Number of protein chains: 2
Amino acid sequence: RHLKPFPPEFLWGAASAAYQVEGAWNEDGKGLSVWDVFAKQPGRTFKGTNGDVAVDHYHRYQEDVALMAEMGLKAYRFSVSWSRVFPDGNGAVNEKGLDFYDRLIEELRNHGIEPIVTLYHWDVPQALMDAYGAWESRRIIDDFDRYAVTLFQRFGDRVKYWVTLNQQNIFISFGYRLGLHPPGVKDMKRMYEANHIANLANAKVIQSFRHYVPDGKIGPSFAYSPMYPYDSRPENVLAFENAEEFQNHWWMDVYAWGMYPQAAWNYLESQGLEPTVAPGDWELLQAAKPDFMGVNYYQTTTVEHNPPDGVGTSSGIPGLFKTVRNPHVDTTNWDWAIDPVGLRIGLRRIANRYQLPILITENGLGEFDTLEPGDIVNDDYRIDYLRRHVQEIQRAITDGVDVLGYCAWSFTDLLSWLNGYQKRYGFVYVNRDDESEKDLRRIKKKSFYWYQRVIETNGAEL
Amino acid sequence: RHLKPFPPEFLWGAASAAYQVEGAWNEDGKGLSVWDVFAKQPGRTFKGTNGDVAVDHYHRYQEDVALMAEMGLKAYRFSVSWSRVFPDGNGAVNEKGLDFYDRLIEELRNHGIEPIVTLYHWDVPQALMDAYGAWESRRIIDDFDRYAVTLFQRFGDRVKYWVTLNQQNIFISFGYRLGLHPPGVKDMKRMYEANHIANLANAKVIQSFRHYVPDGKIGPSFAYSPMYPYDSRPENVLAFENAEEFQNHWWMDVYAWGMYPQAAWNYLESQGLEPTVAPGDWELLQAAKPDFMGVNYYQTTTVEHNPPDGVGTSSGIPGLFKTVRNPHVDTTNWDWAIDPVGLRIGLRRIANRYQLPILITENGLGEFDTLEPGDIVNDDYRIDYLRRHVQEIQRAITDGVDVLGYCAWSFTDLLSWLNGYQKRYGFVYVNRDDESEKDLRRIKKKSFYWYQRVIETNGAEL
């Protein structure tokens, strides 16, 4: 069988997130985000690392975009820091904050790079948390909408591709179930309420987008780990049904269809955990169809039967499923699976279930890169990982999946949320570590030139 | 987690098919069906058995319904023989034929049993095959519709529950791909064309039903073998994605959504096998939503990766999937799988994908039964099989699946299509075999009294 080529306007991209790259945490009128405050709690982050400076992209954006142009990036996906635009979340707009993103967008456009604007990457202004608990209040729906509309009005003429909430399942679960991210809560009831409010905020902004950006394309981005059954034991296949619905359809069915899946809903209702539904909620969720599903992909998860007295290392839900190591995939140095075929499977599942085009918003390999003499970083491991995933994307396109683009994570090295800087993701090495910012100089890794070649040839050599 | 009860009006049922039960093949003006002709080809059926007499339900229906009432059946699902109603397929209606079904329905209603009328169980009149090739011609769409409308007009006041095509995937694949059933064709291109025409006929009759039976409930019934991947190897999970889409979504997505799945469509198109689509086809298919999905269930199927030079014993499609024996399920004495959990999985999949209620239209165990002196048939093996499946249905209901009822296959023993009478399915033994009709007497098996107790307790005592 002949593989289809990557389509002529395929968005060969790379990506970042505002807190992870920008720095300038208190400059030009920017307000505190929940992450500014959270990361300064003693013991919260590795070696106290935080986003005060990060890799200083706020001041170094021209150099970074020049490197993107050298690579030939077709697209750069970044997030807008809400606290730069509305320092208090609501209230007065900050023109200096908007001006940064205007300058960034102009730099991208002048180099022929398509901006992909991500509205929300986990950094709600602290003032909204202080006033009303941020994502736990329906007040955020209108406040988020006002923020999104501001961006649509200022940039809609120059930005075609927009992502709304990026990895809602992560910021909600880590913030309200695991207590690892702000606000550090461990309460499933609160988690599902905040999640429902985030669903409504997503739908509201997509509705607004139709008014302000009539030729644009918008969608949420979901952190998707496709589930596998361990084997053909019926109870393991049933565990897979439970896991795919509870972990994945719980979000994507709301995004695509405006409806929560029923078995998961009934389980939550039996635990007293289902969210509070107000009149108009279903109408709003169902009327806000996205143009694409964004997918952040790193690995699949294999599951097996979990008795009601079982696991609550393996994780899972008693009576539903538990995770188990997949003996048939390679692993990273952090026990993450390497499963490029799993990306093809996830793309196929989204096309098969929702018939949506897909934008791959994040995929990449984190590793402890060594800077060798002469400013050389030989990251053949990153090249191998990316190559295998891009090859599987081409197979998915050949199968009939409409893949709009692929954003490698990340363009430059960046600050991780809790683990400092040493596990690096970039095509561009940034000379700093957990102890100091050093000189923050940018150094092209071997993978930079590999991806430059991929883009130049539209993937045709892989 | 305690199990939910069966809902108060759950349709505890049993089922049959006209050719398998009725006899009276040439009585009261009945025309030839394709099965009358096919089964009389020498060598086609075991010991030349055929439906001339079968178990003689046409003459013995009063006794059979009296037995249903003794059991306390809530519902009896049967099929109407098109050739009794329109002996030439189109043309003049045969009032004597309709009068048989009127008498049957009156007997059921007088005993408080819900009729479930199945429009089509594989017995298109031979005259339509002769005139235009039956299911290979779009002419059948209107002819089938005129037949269905006749039934809706005569019986819609007394019949709430209707099934349209029963096991379309079987009569189409066995008739046009495997050549096992009429018309005895082995041609995939013809198979997919006839299948598309059957899809249009199903949609047309559902549209007619909305006018003639506005308070009724209608759906197609699909012979569902849910697919499992052999293990968590990514290539085997991908084989599972392909197989579930090709074998199951190919039909059920058309029934529920009016759309063929895209990866399967593109594969067929690459082989020159996709059906011919006419203007208006998609609109019709999308405008005919059913009230429920009917499910005929016997077993799951496990699949694994199949190289492009591989299997086309194992069956499959090269480059997509091949079947493999599942080591984790039991087998019958005929080496077919027994997988009651697989029924729960299939029910969960239909609810999760389509949000449809499900009527289980067929499930049962075929086995040699021994008639012991005193008219005793001890079939504990059949009780075991049915009990395990009903238990899994109760678990699916507890999960949140809306199951409308369960029709055990079958009420009385019946004639099999190709294999005679000895592998029996009934709650009621019929005293005949492959060599003679004996006295055709009905003898209640042990399973009859077991199911009587199931119904009395609404499934609380299994």
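- Determination of this PDB entry was carried out by X-ray crystallography to a resolution of 1.340 Å, according to the record.

## A closer look at the relation of the copies chain B and chain A
Phase 1: Under the fitted operation, chain B is carried onto chain A by 0.2 Å of movement along the axis and a turn of 179°, and the coordinates agree to an RMSD of 0.4 Å. Overall, the copies show the geometry of a two-fold rotation axis. Across chain B, the rotation axis passes nearest the C-alpha of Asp231 of chain B, at a separation of 2.1 Å.
Phase 2: With an isologous cut-off of 70% or more, the 97% of interface residues of chain B that recur at the interface of chain A puts this contact in the isologous class.

## Points about the pattern of salt bridges
Should their charged atoms come close, side chains of opposite charge can pair.
Phase 1: Going through the model one piece at a time under the given rule, you end up with 76 salt bridges over all chains.
Phase 2: Residue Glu106 of chain B pairs with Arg158 of chain B through a salt bridge whose shortest N-O separation is 2.8 Å. Of this pair, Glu106 of chain B sits in helix α5 (residues 95-110) while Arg158 of chain B sits in the loop between α7 (139-155) and β4 (161-166), and the two are 52 residues apart along the sequence.
Phase 3: Judged by relative accessible area, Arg158 of chain B falls into the buried class, the value being 12%.
Phase 4: When salt bridges that share partners are traced, they join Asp369, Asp379, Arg382, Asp413, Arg424 and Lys445 of chain A into one network.

## Examining the packing of aromatic side chains
Each aromatic ring pair is characterised by the separation of its centres together with the angle its planes make.
Phase 1: Enumeration according to the criterion identifies 89 aromatic pairs over all chains in this entry.
Phase 2: Centroid distance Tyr120 of chain A to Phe171 of chain A: 5.1 Å. Interplanar angle 70°. Geometry classified as edge-to-face. Placement of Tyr120 of chain A in strand β3 (residues 114-120) and of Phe171 of chain A in helix α8 (residues 168-176) is noted, with a sequence separation of 51 residues between them.
Phase 3: Arranged with centres 5.1 Å apart and planes meeting at 65°, the rings of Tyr120 of chain B and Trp135 of chain B form a pair that is edge-to-face. With a gap of 15 residues between them, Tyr120 of chain B in strand β3 (residues 114-120) and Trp135 of chain B in the loop between α6 (126-132) and α7 connect regions that are remote in the sequence.
Phase 4: Following the ring pairs from residue to residue traces out a cluster consisting of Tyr192, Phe246, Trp250, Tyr260, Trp265, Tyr267, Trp282 and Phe321 of chain B.
Phase 5: Above the ring of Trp336 of chain B, the side-chain terminus of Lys423 of chain B is found at 3.6 Å from the ring centroid.

## Notes on the packing of helix α10 (residues 234-257) of chain B against helix α11 (residues 262-270) of chain B
All names here are of chain B.
Phase 1: Contact pair α10 / α11: the axes reach a minimum separation of 9 Å and the direction vectors enclose 110°. Classified by the angle their axes make, α10 and α11 are roughly perpendicular. Across the interface between the two elements, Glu245, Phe246 and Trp250 from α10 touch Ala263, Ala264, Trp265, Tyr267 and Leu268 from α11.

## Section: the side chain of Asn94 of chain B
Residue and element names in this part refer to chain B.
Phase 1: Inspection of the secondary structure assignment puts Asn94 in the loop between α4 (82-85) and α5.
Phase 2: The exposure class of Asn94 is buried, given its relative accessible area of 13%.
Phase 3: Non-local contacts of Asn94, meaning those with residues more than four positions away in its chain, are made with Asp28, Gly29, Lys30, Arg84, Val85 and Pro87.

## Details of a nonpolar patch on the surface
Phase 1: Residues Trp334, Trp336 and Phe368 of chain A make up a contiguous nonpolar surface patch of about 320 Å² in total accessible area.
Phase 2: With respect to the helices, strands and loops of the structure, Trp336 of chain A is situated in the loop between β11 (330-331) and β12 (337-338).

## Regarding empty space enclosed by the protein
Phase 1: In this structure, the largest cavity spans a volume of roughly 460 Å³.
Phase 2: If you go around the largest cavity, you meet 26 residues; those closest to its centre are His249, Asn352 and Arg353 of chain A together with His249 and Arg353 of chain B.
Phase 3: For the lining of the largest cavity, the secondary-structure elements that each account for two or more residues are α10 (234-257) and α13 (340-354) of chain A together with α10 and α13 (340-354) of chain B.
Phase 4: Of the residues belonging to the lining of the largest cavity, the class tally is 10 nonpolar, 4 polar and 12 charged.

## Quick word on the interface of chain B and chain A
Phase 1: The interface of chain B with chain A comprises 36 residues on the first partner and 35 residues on the second.
Phase 2: A combined buried area of about 3,000 Å² lies between chain B and chain A, and 55% of that area is made up of carbon and sulfur atoms.
Phase 3: Interface area lost by chain B to chain A is led by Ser232, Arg348 and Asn352 of chain B, which between them contribute 21%.
Phase 4: The tally of links between chain B and chain A comes to 2 salt bridges.
Phase 5: A salt bridge links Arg349 of chain A to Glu241 of chain B; its shortest N-O distance comes to 2.7 Å.
Phase 6: Remark: the boundary between chain B and chain A carries 15 residue pairs in polar contact.
Phase 7: Of all the secondary-structure elements, those providing two or more residues to the side of chain B that touches chain A are β6 (227-229), α10, α11 and α13 of chain B.
Phase 8: Ranked by residues supplied to the side of chain B that touches chain A, first place goes to α10 of chain B with 10 residues.

## Description of the sheet that holds strand β9 (residues 316-317) of chain A
All names here are of chain A.
Phase 1: Spatially, β6-β8-β10-β9 is the arrangement adopted by the 4 strands of the open sheet, whose pairing is mixed. This sheet does not close on itself; its edge strands, each paired only once, are β6 (227-229) and β9.
Phase 2: In this sheet, strand β10 (residues 321-324) lies alongside β9 in antiparallel orientation, the contact comprising 2 bridges. Looking at β10, one finds that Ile317 is bridged to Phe321.
Phase 3: The sheet contacts of α10 involve β6, β8 (301-304), β9 and β10, and relative to β6 the element is tilted by about 170°.

## Section: the environment of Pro308 of chain B
All names here are of chain B.
Phase 1: Of note, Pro308 is situated in the loop between β8 (301-304) and β9 (316-317).
Phase 2: For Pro308, a relative accessible area of 70% puts it in the exposed group.
Phase 3: The contact partners of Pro308, leaving out residues within four places of it in the chain, are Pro318 and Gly319.

## A short note on the packing of helix α9 (residues 188-212) of chain B against α10 of chain B
All names here are of chain B.
Phase 1: Packing of α9 against α10 brings their axes to within 10 Å, and their N-to-C directions diverge by 30°. By the angle class used here, α9 and α10 are roughly parallel. Along this stretch, α9 crosses α10, giving a crossing that reads as right-handed. Residue-level contacts link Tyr192, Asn195, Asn199 and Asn202 of α9 to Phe246, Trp250, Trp251, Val254 and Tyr255 of α10.

## Concerning helix α7 (residues 139-155) of chain A
The periodicity of an α-helix, 3.6 residues per turn, causes residues three or four positions apart to be oriented the same way.
Residues and elements named next belong to chain A.
Phase 1: For α7, spanning 17 residues, the distance from its first C-alpha to its last is 25 Å, which sits close to the expected 24 Å at 1.5 Å a residue.
Phase 2: With 12 of 17 residues buried, α7 is to be regarded as a mostly interior element.
Phase 3: Regarding α7, the residues found buried are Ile140, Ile141, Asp143, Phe144, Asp145, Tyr147, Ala148, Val149, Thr150, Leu151, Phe152 and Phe155.

## A closer look at the sheet that holds strand β7 (residues 293-296) of chain A
All names here are of chain A.
Phase 1: The strand order β1-β2-β3-β4-β5-β7-β13-β14 describes a closed barrel built from 8 strands, whose pairing is parallel. Neighbour to neighbour, the strand axes of the sheet diverge by 25° on average, direction disregarded.
Phase 2: Bridge analysis of strand β2 (residues 75-79) against β3 gives 5 bridges, and the strand direction is parallel. Bridge pairing links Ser79 to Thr118 in β3.
Phase 3: Against the sheet, α10 contacts β5 (217-223) and β7, and its axis sits at roughly 170° relative to β5.
Phase 4: Together, β1 (11-15), β13 (358-363) and β14 (403-409) form the strand contacts of helix α14 (residues 380-399), whose direction differs from that of β14 by roughly 170°.

The rules behind the values
- Residues numbered from 1 in each chain as written, not as in the entry; some residues may be left out.
- Chains lettered and ligands numbered in written order.
- Heavy atoms only, no water.
- Residues with missing side-chain atoms left out of burial classes, pairs and counts.
- Least-squares fit on C-alpha atoms.
- Contact = heavy atoms within 4.5 Å.
- Salt bridge = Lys/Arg side-chain N within 4 Å of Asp/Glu carboxyl O.
- Helix = DSSP H or I, 4+ residues; strand = E, 2+ residues; numbered from the N terminus.
- Buried < 20%, exposed > 50% of the residue type's maximum accessible area, 1.4 Å probe, protein only.
- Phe/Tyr/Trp six-rings, centres within 6.5 Å; stacked < 30°, edge-to-face > 60°.
- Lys NZ or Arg CZ within 6 Å of the ring centre and 35° of its normal.
- Axes fitted to C-alpha atoms, helices over the stretch in contact; angles between N-to-C directions.
- Parallel < 35°, antiparallel > 145°, perpendicular 65-115°, else oblique.
- Patch = residues over 30% accessible without salt bridge, like charges linked within 9 Å, V, L, I, M, F, W, Y side chains within 5 Å.
- Areas by Shrake-Rupley, 256 points an atom, 1.4 Å probe, with all protein chains shown as cover.
- 1 Å grid on protein atoms, 1.4 Å probe; cavity = no way out; pocket = protein on both sides within 12 Å on 5 of 7 lines; lining within 4 Å.
- Points joined across faces, edges and corners; volume = space filled by probe spheres on them.
- Nonpolar A, V, L, I, M, F, W, Y, C, P; charged D, E, K, R; others polar.
- Buried area = accessible area lost by both parts, 1.4 Å probe.
- Polar contact = N/O pair within 3.5 Å; in protein donor to acceptor, adjacent residues only side chain to side chain.
- Pairing = 2+ DSSP bridges.
- Left-handed = near helix turned anticlockwise from the far one by under 90°.
- Expected span 1.5 Å × (residues − 1).

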